[PDB]
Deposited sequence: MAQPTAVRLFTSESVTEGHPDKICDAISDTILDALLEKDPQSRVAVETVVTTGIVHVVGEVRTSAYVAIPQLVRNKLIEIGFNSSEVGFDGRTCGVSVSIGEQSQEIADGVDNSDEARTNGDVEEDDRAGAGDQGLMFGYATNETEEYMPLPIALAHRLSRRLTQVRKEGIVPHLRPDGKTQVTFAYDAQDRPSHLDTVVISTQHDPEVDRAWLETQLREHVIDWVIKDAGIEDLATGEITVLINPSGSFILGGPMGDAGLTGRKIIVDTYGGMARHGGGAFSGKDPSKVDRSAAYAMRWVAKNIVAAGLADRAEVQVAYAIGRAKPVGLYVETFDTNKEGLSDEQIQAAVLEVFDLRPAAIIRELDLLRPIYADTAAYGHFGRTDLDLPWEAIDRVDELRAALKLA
């Protein structure tokens, strides 16, 4: 009969976290190939460790791109420009092991399952915990790049814990954790003041979540102390190792597939994008407050072998999940070629997705964020 408060957590990382460096390098190569050959087939994985970038996988393309210069320039853009910060794009190892050799009916290029999610609890239709964690990691990068907080270095991680009510909804911000790389000219006591003011307080006001941040918020800035070296130094990063940061921060189920370094023919990426597009339209059409949708494919088959709509008893208009799914099946063509055509995916738009999340990005104009199927869904259900 005693009760505990349920506490839900999501995390994000900056573009200088070693796994995110790999995602960004993988999608920088994808975009360079797409800019010159929109039909490029790309399955490029990046590995980073002390002093090393290793790029591996398979491309089919008519484009020429200078991979080592793309890698070095992306590391410099992130801010790894010196041995003093743990990694230097100008002087690091770059090794390439890429193999270059061997319409809606086109079969899926692999089996797999993919989920999409949306909720009207934020303007960007994202869960509050991942939305706040991404806003904090984006702001931590912004204050470094613009000099709002001097003496910062690229690597960093954010983590937010909300209290939740008995109906599975956020009630209150409980705990914020931020860790940032920094120059030795500053110490943790200075960083605590700077990041509390210029990151956390700024983001709470920018997100309009004052109501959720009243009273005692536990804040931990660089709780382990000095954070001088970072990125790949004394560590390792790999493409596709931040797939929950990339999506919904653990609020939504995930099918396992990574996004970065994959062209749009990979259903792991394009069908996940299609499921965000479906979920967002289900919510925007007023059929549910929250919606999660699974799709699944068999290799060589165009039509999904599976589709699974869940709205967690937030369904509206007396509609069941089974009725909403029938409307989705009428309105959306989930054959992989039809997804690529309707969302105009064969464009170099992916390097921007490789840090700070693929979904609910109001800084970007991503096609899977369009709420342009609201009218068709409502009409399929005979709603006004």
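**Student:** Counting from 1 along the deposited sequence, what's missing?
**Tutor:** Seq positions lacking coordinates: 1-2, 105-125.
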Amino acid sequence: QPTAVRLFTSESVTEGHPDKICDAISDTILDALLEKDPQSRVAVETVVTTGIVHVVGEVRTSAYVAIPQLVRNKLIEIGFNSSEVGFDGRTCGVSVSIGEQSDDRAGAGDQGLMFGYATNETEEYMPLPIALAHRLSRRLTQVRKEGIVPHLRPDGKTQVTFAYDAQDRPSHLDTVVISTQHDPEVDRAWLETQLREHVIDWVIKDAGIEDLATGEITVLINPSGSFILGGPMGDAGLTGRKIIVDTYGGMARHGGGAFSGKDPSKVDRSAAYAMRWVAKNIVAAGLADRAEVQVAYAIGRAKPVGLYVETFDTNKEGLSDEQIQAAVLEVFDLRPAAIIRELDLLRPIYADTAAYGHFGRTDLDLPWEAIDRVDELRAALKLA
From here on, numbers count along this sequence of modelled residues.
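**Student:** For the C-alpha atoms alone, is the average B factor greater in 281-289 or in 144-152, going by the entry?
**Tutor:** Of 281-289 and 144-152, the stretch with the higher C-alpha B-factor average is 281-289.
**Student:** For the C-alpha atoms alone, is the average B factor greater in 163-171 or in 126-134, going by the entry?
**Tutor:** The deposited B-factors put 163-171 ahead on the C-alpha mean.
**Student:** Highest Cα B-factor in the PDB entry belongs to which of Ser26, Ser320, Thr50, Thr353?
**Tutor:** Among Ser26, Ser320, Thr50, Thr353, the highest C-alpha B-factor in the entry belongs to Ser320.
**Student:** Name the residue from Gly237, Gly249, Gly215, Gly255 with the greatest C-alpha temperature factor listed in the entry.
**Tutor:** Most elevated C-alpha B-factor of the set, per the entry: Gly215.
**Student:** Grab the CA temperature factor for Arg196 from the record and place it in the lowest, middle or highest third of its chain.
**Tutor:** Tercile = middle for this residue's CA B-factor.
**Student:** Please place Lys74 in the lowest, middle or highest third of its chain by C-alpha B factor as given in the entry.
**Tutor:** Its C-alpha B-factor belongs to the middle third of this chain's values.
**Student:** Relative to the other modelled residues of the same chain, rank the CA B-factor of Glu15 and answer lowest, middle or highest third.
**Tutor:** CA B-factor rank for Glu15: lowest third.
**Student:** Which third of the chain holds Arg241 when residues are ordered by C-alpha B factor: lowest, middle or highest?
**Tutor:** For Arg241, the deposited C-alpha B-factor lands in the lowest third.
**Student:** Taking only the Cα B-factors deposited for this chain, tell me whether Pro336 sits in the lowest, middle or highest third.
**Tutor:** Tercile = highest for this residue's CA B-factor.
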